[PDB]
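Novice: Numbering-wise (the deposited numbering), the sequence shown opens with residue 14 and increments by one.
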Amino acid sequence: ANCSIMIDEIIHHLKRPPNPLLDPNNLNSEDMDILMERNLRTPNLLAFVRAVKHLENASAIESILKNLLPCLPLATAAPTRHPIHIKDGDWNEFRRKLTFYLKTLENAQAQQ
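Structural data, given as structure tokens:
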């Protein structure tokens, strides 16, 4: 299989900013700690498969992330705080959240 390629490969489809708007599609400093917590990465995937349904033009991505849930490590196989929170479905929300997400995942998935 190639679960690792399914991660850095979506970063390719995660780089198309249209224009700056005033939409709520965005994460805060606390949400960043979520997508970064290796153990809290999969639960963000739960919010990535739900929001990607309302994310127009991201259905094929819902296929990747959903298949990526079991491809994540489990340092202390258990959650601690609430996971991420996407928006109505704007690529701007999944832009900062998902970019930093899939990236920190494959980064701590191997590391040397």
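Cβ coordinates follow ideal geometry from the N, Cα and C atoms, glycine included.
Please classify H25: does DSSP put it in a helix, a strand, or coil?
Specialist: Translated into the one-based positions of the sequence shown, residue 25 becomes position 12. Helix, per DSSP.
Novice: Count the C-beta pairs between the region 72-91 and the region 37-47 that are closer than 8 Å, then say yes if the count reaches three, no if not.
Specialist: no
Novice: By the 10 Å Cβ neighbour count, where 16 or more other Cβ atoms means buried, how is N38 classified, buried or exposed?
Specialist: For this step, residue 38 is matched to residue 25 along the sequence shown. So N38 counts as buried.
Novice: Determine whether the beta carbon atoms of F107 and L68 lie at a separation below 8 Å.
Specialist: Stepping through the sequence shown from its first residue, residue 107 is reached at position 94. Stepping through the sequence shown from its first residue, residue 68 is reached at position 55. Going by C-beta atoms, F107 is nearer than 8 Å to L68.
Novice: I'd like the span of the alpha helix (DSSP H) that includes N120, first residue to last.
Specialist: Translated into the one-based positions of the sequence shown, residue 120 becomes position 107. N120 -> alpha helix (DSSP H) spans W104 to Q122.
Novice: Quick check: what's the CA-CA separation for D103 versus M49?
Specialist: Reading the sequence shown from its first residue, position 90 is the one you call residue 103. Reading the sequence shown from its first residue, position 36 is the one you call residue 49. Rounded to the nearest angstrom, the two C-alpha atoms are 21 Å apart.
Novice: When you compare the CB positions of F61 and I18, do they come within less than 8 Å of one another, or not?
Specialist: Taking the sequence shown and counting its residues from 1, one reaches residue 61 at position 48. Taking the sequence shown and counting its residues from 1, one reaches residue 18 at position 5. For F61 and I18, no; Cβs fall outside 8 Å.
Novice: Assuming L85 contacts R54 (C-beta within less than 8 Å), just tell me the rounded distance between them.
Specialist: As a working note, residue 85 is residue 72 in the sequence shown. As a working note, residue 54 is residue 41 in the sequence shown. At roughly 5 Å, the Cβ-Cβ gap stays under 8 Å, so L85 and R54 are in contact.
Novice: Just the C-alpha distance for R63 and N70, rounded to the nearest angstrom, thanks.
Specialist: Walking along the sequence shown from the start, residue 63 turns up at place 50. Walking along the sequence shown from the start, residue 70 turns up at place 57. Note on geometry: alpha-carbon atoms of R63 and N70 lie some 14 Å from one another.
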